[PDB]
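Novice: quick check, what structure comes out for this input:
(5 chains)
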Amino acid sequence: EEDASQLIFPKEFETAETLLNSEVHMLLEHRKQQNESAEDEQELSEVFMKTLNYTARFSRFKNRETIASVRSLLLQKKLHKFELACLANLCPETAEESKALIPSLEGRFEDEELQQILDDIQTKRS
Amino acid sequence: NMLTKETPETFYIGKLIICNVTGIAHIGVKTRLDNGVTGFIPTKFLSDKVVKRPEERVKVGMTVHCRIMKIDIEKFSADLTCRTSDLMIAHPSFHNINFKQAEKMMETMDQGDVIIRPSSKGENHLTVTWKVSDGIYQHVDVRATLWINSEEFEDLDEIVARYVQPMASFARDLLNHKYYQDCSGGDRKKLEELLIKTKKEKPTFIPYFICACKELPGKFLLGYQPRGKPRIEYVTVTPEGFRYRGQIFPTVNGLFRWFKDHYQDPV
Amino acid sequence: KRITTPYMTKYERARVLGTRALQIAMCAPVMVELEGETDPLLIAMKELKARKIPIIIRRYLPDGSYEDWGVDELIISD
Amino acid sequence: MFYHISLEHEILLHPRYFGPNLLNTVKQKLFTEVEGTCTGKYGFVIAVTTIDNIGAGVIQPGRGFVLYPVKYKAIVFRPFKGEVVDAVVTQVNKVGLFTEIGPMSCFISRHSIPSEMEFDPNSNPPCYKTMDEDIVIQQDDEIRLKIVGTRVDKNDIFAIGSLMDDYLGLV
Amino acid sequence: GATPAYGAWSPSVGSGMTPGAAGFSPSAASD
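Specialist: Numbering: from 1, shown residues only, chains lettered A, B, ... in the order given. Find the structure here:
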């Protein structure tokens, strides 16, 4: 029954806080910077390294202010939290591609209304 | 190579090869190696030719590590060297020691020479001892609960220059005081009679003295005689300055200047 | 706004002494200088006399509320 | 998908750890206990960012062990069905494709892949191309996919991908 | 250990009464 396509999740996960690829990337980078210092400490594990090299290959923007602006210009809408991560991470070109990938956008908003948002997201990319 | 399975090509010079000495024919100790090679240690490996066989340099019956300087697995030879060498003002010192024995090397250095040594209470702890006076030494047991971080463990060249050097200078400032005395480490029984023996010679003028205790280092004794009754008042020397009546002064002279204007009250 | 008695009952004193003795027997740091003894129970008694036991008692009330009292806060009976 | 939620956990601390570094020891134990593990309720956990507070240690009766119900603010990665993410291809085999969704590895079969992407066993690097040889997909390429299934192999998540929906390849 | 904390001790101050007059020596300059 758990299918994110139809916007359904358990009660505990419904009250979660979404994270973007750049956000998690910078969080892990800061954690690594803090951990590497303060000698006599247990070093990072393979999980941290794989997550780092996985999120580093999808960092659409390095500036934190870019993350702040792209979340601010998005939260003003009426979309759910789930629509804040996938759409901000994939960064599709045209509205048709976004509507095809995410079935929730089908009929939820107009065409130009989503195309302008996609163009803004593309421009915000570094 | 077909039988032993260990040719001289594998064993190189300089690499330490264990030569298990199990027996000796005449003078040396000819034993077996790890790879089934007859390791014959000549008299040169042990330094014994016309004397008792080398037992301290070559382990008889067991395996003794030595520098491998000969590949003679096929020839039933093992040029393993039995010798260990073959295998191959403000003076902060160091110590890679107990407490009773450490005191034997503290009375020679002059004031200001700080020495760092491990602790003897727990783990990952250190104790900084700095020369205070003749026989008085403060053993700051850093976990004198001096709270610090862990990054300082790498470089220890600033903990003494940030908390010991200024404190040491302030403590030494009192050593050169005009009215200074020791009285056998400043005992409570000997420092009281002096106050009553010195007042009779000058009842009008009430002088003062300063001394540091021996059982509790870091607590000076500033006594005075307001009347015919003695009184004692301790004072602590903090890293930044002093701690008299709860106040902390920046300079050493500040405490003296503030003390000569507050002892007139009836108390 | 604690309304419980400011004295340590015998039950609480006994339980605290026993718990501190058990902790000391399990290689825990002491809170008083040892004069040359080894029995953990004696060390616990000495700490209680010195008022240095790192334990706080939670007296539950009938209604459901509770009050946290520290060994170094209330008066000891014995 | 990565998320930031508030979790809770308790750890017993042996009495030998009592002392001025009690809180530091509790934090150190917490760090090396709830990092990298996985559970079927909240999913795979990456690491811990910060800790909210330290609960009151309730000493157990007749035992020196004391438990601290700490509540830490850590992140979690719990992928669901239907989500679309961007991963990287790790290996190409005739049986199927292998990818790496961060702390998880999925797998897509040839049946899911359209008939246009054929095999290239003759060439040294295993790759899939079309008749015209215009589009090329190989390893170390940011290729998207769809999570159509989930699985937890005893705290080891292993989902399954798919390649039927359009617009799934080079961006 | 046989080397307990020495700087952590609380210096207790002694109380008393001495109704004396003001006839002691003056102060000095801090320079």
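
Novice: what parts of the stretch 101-250 of chain B come near chain E?
Specialist: B:120-121, B:127, B:138-141, B:144-145, B:205-206, B:216-219, B:226-227, B:229, B:231-236, B:243, B:245 (C-beta under 8 Å from any C-beta of the partner chain). Placement of C-beta: from N, CA and C, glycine included.

Novice: got it, and chain C?
Specialist: residue C:33.

Novice: centroid residue for chain C?
Specialist: Note on chain C: the residue nearest the mean C-alpha position is residue C:16, at 4.0 Å, using C-alpha atoms, centre = their mean.

Novice: ok, chain D next?
Specialist: Geometric middle of chain D (C-alpha atoms, centre = their mean) lands on residue D:103, at 3.2 Å.

Novice: got the buried residues for stretch D:163-171?
Specialist: D:163, D:167-168 (16 or more other C-beta atoms under 10 Å in any protein chain shown).

Novice: where does the stretch 101-250 of chain B get nearest to chain C, residue-wise?
Specialist: residue B:122 (8.1 Å; C-beta to the nearest C-beta).

Novice: can you give me the helices in the stretch 101-250 of chain B?
Specialist: B:159-163, B:165-175, B:183-186, B:190-199 (DSSP state H, counting those that start in this stretch).

Novice: again, but for chain E
Specialist: Assigned by DSSP state H, chain E shows no helices.

Novice: residue in it nearest to chain A?
Specialist: Closest point on chain E to chain A, by C-beta to the nearest C-beta, is residue E:1, at 23.3 Å.

Novice: gap between that residue and residue B:16?
Specialist: Distance, residue E:1 to residue B:16, by C-beta to C-beta, to the nearest Å: 41 Å.

Novice: and residue D:32, how many neighbours?
Specialist: 11 (other C-beta atoms under 10 Å in any protein chain shown).

Novice: ah, wrong one, I meant residue D:122
Specialist: Residue D:122 has 5 nearby residues by other C-beta under 10 Å.

Novice: now swap in residue C:47 and tell me
Specialist: Residue C:47: 22 neighbours (other C-beta under 10 Å).

Novice: what separates the one helix or strand it maps to from the chain centre, distance-wise?
Specialist: Here residue C:47 sits within helix C:40-50, counting by DSSP states H and E. Chain-centre distance of helix C:40-50: 9 Å, with C-alpha atoms, centre = their mean, to the nearest Å.

Novice: anything in it near chain D?
Specialist: No - figure legend: helix C:40-50 not in contact with chain D (C-beta under 8 Å from any C-beta); closest approach 11.1 Å.

Novice: that helix: which residues count as buried?
Specialist: Here helix C:40-50 shows C:40, C:43-48 as buried, counting by 16+ other C-beta under 10 Å.

Novice: for stretch D:140-160, same thing?
Specialist: For stretch D:140-160, by 16+ other C-beta under 10 Å, it's D:143-148, D:150, D:157, D:159-160.

Novice: same thing with stretch C:66-78?
Specialist: C:69, C:71, C:74.

Novice: phi, psi for the residue nearest to the centre of chain C please.
Specialist: phi -60, psi -40 (degrees, to the nearest 10).

Novice: who are the contact partners of it?
Specialist: Counting by C-beta atoms under 8 Å, 6 or more residues apart in numbering or on different chains, residue C:16 touches C:44, C:48, C:53, C:55, C:57, C:71.

Novice: find the nearest non-adjacent residue to the closest residue to chain A within chain D, please.
Specialist: Taking C-beta to the nearest C-beta, chain A has its nearest neighbour within chain D at residue D:82, 3.3 Å off. The shortest distance from residue D:82 to any non-neighbouring residue, by C-beta to C-beta, 6 or more residues apart in numbering or on different chains, is to residue A:5 (3.3 Å).

Novice: from what I see, that neighbour and residue A:103 are in contact.
Specialist: Yes - counting by C-beta atoms under 8 Å, residue A:103 is a contact partner of residue A:5 at 5.3 Å.

Novice: most centrally placed residue in chain A?
Specialist: Nearest to chain A centroid, counting by C-alpha atoms, centre = their mean: residue A:20, 2.6 Å.

Novice: spatially central residue in chain E, please.
Specialist: Most central in chain E (C-alpha atoms, centre = their mean) works out to residue E:13, at 7.2 Å.

Novice: about what we covered before: next up, the contacts around the residue of chain E closest to chain A.
Specialist: B:120-121, B:141.

Novice: filter the buried residues of stretch C:66-78 down to just the ones in strands.
Specialist: Among the buried residues of stretch C:66-78, the ones falling in strands (DSSP state E) are residue C:69.
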